[PDB]
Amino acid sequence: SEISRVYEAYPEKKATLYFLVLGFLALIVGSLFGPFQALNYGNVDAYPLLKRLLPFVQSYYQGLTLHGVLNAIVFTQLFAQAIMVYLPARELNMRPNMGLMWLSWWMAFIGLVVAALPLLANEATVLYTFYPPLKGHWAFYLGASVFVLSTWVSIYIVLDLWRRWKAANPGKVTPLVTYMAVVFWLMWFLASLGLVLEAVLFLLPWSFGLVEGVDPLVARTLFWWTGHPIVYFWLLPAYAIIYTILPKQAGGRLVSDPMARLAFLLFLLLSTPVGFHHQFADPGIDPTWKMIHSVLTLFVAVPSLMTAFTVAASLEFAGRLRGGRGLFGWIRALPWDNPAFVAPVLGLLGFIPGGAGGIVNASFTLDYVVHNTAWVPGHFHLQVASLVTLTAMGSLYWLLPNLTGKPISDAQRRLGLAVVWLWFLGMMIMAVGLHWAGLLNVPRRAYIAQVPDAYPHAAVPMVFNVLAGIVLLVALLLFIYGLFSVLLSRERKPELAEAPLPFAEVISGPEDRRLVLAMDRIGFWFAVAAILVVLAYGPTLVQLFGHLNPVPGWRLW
C-alpha cells in the first residue's frame, strides 16, 4: 500500500517530487557560495568569514566548483528530468515506467553522492568544466558520468510513453508538451555524445591510472560538443513551462501551437553543431570552422527571437482580456500577485540583455574583446540563473500543490513575491557590475579580492557587485525559510493535488494541420540532426584524433 496513496494512483508524482526536492537542494547548497563570490567581485574578501561558518572549505576556487557543479549541472538536469517527464505523462494521462523511472532518480542520487565527496574533500578543485590537464579524484568523473547517464534512462522513459500513446491512438498527431519533450530528449542524446566520449575514452582511464595523459585540445573539443547544447537542455524545460503553462497562469491562451513547435524543432537542429563559439580563442582549430560555427550559433538565436514574439503576444492577449488598458495597459492587468506568474515574467525581461550578450559572444572576433572576462558570467547569470532558476522557483506555487496537496497560504504567497523580486533585482544589479567590470578587463574565475590594488578602473562596477551580494544574500535566506516552510508545514488539502497542471488552451487556426504534420515528421529531422553534428564536428575531430598528444595531469591546488 501507501496512504498518500497519491503515490499508487499517480505514482509519477512520488518520483517527480524526488527529483525536484533533490534539485532545489543542490541549488540551496550551490548558491551559498554566490554572495561570497559577489562581494569578491566587489573587492571585499568574506572568505575568512565563510571558512568560519563552513570549516571544510579551503579556497575561493573550491567554492567556485561547488557553486558551478551544484548550481549549473546538478540543479538544472534534475529540474529537466522532473518537468520533461511529468508533463508529457500527464498531458497523455499515462504511467511512466516506475521501474526505469525509479532507477534514474537512484543513478542520480548515487552519482551526485560519489561526486560530492571528493569535491567536499578538496580532491577535485577543477571547476564545472574540469579542463585537462588539471586532474581530479577518480570519484568526481565516475560520479559525473553516472549522474549524466541518469538522463539517458529519462530519454528512454519519455520515448517509451511516446511509443505507447501512438499505438493506442493511430492517425493522431503528437500532442504539444509531448512533442516538445520528445525532441528535447532527442537533442540531449545527440548532444551528450561529446561529454560521454570524453569521459569514457579519456577522463575515466586517466583518473584511474589506466593511462598517463590526455590531449587537452581533444578534451576541450568533446566537452564543448556537449557544453553548448547543455545550455539548451537547461533553457527548454523553462520554455516548455512558458509556452504551454504560463499564458494560463496569466489568464490567457497560447497564441500558436505551430510556433511553439517550430521553436523546438529548431533547437533540435542547431543546438549541437555550434561548440566552437566556446573555442574562438583556441589554437589548432581552423579559422574557417569557427566562422561556420559562428554563422550556425547566430542561427540558433532565431528560435528564441521567435519565442520572444509568441510569448509577448500571449501575455498581451491575456492582458487585453483582463480589461488591459492602452499600449501598456496590458502589462498592469496581468496577475502581478502570483509568484507562479511573476517569476518567469521577470526572468523573460532579464533575458533581453542576456540574449543580446550572447549575440556579441557568438560573433567570432568580437569574442576576443570579452572572452574569459567577467562579461561571460555577467551574460549567463541573466540566462541560467535568472530565467531558468526563476522559472523553477515560481513553479513551486503550482507544481508543489499538484504533487503533495499542500496548499500555498497567503503569508507564503507574499514570501514568494519578496524572493522573486529580490532575486530578480539582485540578478540585474550583478549583471551591470560584471558586464562593465569585464569591459574593463577583469578576468573571470578569479579571487580578485586578494589583489585589491589590481583593477582600480573597476571601482564603481565593484560597488554594484557588493550591493548585489547583500541583496542576493537576503533573497537566498528568505528562499530557504520558505522553501522549507512550504514543505515542512503540517497541512495537506489535496483536491488541489490531482487537479491537472494548468495547461493552456491554444488559439487554433487554418494554417495549422499541414505544418504541424511536417514538424511531426520526427525520425526525418532527428536524422538531419545527426547529419548536421556529423558535418560540423567531423573534419576537425578526424584531424585531431590522429595527432593525439597526451600530457601529464597536474594538481595545482
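Start at 1 with the first residue shown and count on from there.
In this crystal structure, the stretch out of 228-236 and 167-175 whose C-alpha atoms carry the higher mean B factor is 167-175. For the pair 135-143 and 483-491, the mean B factor over Cα atoms is greater in 483-491. Per the deposited coordinates, the residue with the largest Cα temperature factor out of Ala38, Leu70, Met519, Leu64 is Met519. Note on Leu92, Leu387, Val376, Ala312: the highest value goes to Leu92, judged by CA B factor as recorded. Ranked against the other modelled residues of its chain, the C-alpha B-factor of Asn441 as given in the entry falls in the lowest third. For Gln249, the recorded CA B-factor ranks within the middle third of the chain. Only modelled residues enter the ranking.
Annotation for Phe202: CA B-factor lies in the highest third of the chain's modelled residues. Remark: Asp367 belongs to the lowest third of its chain, ranked by C-alpha B-factor as recorded. Sorting the modelled residues of the chain by their CA temperature factor places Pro510 in the highest third.
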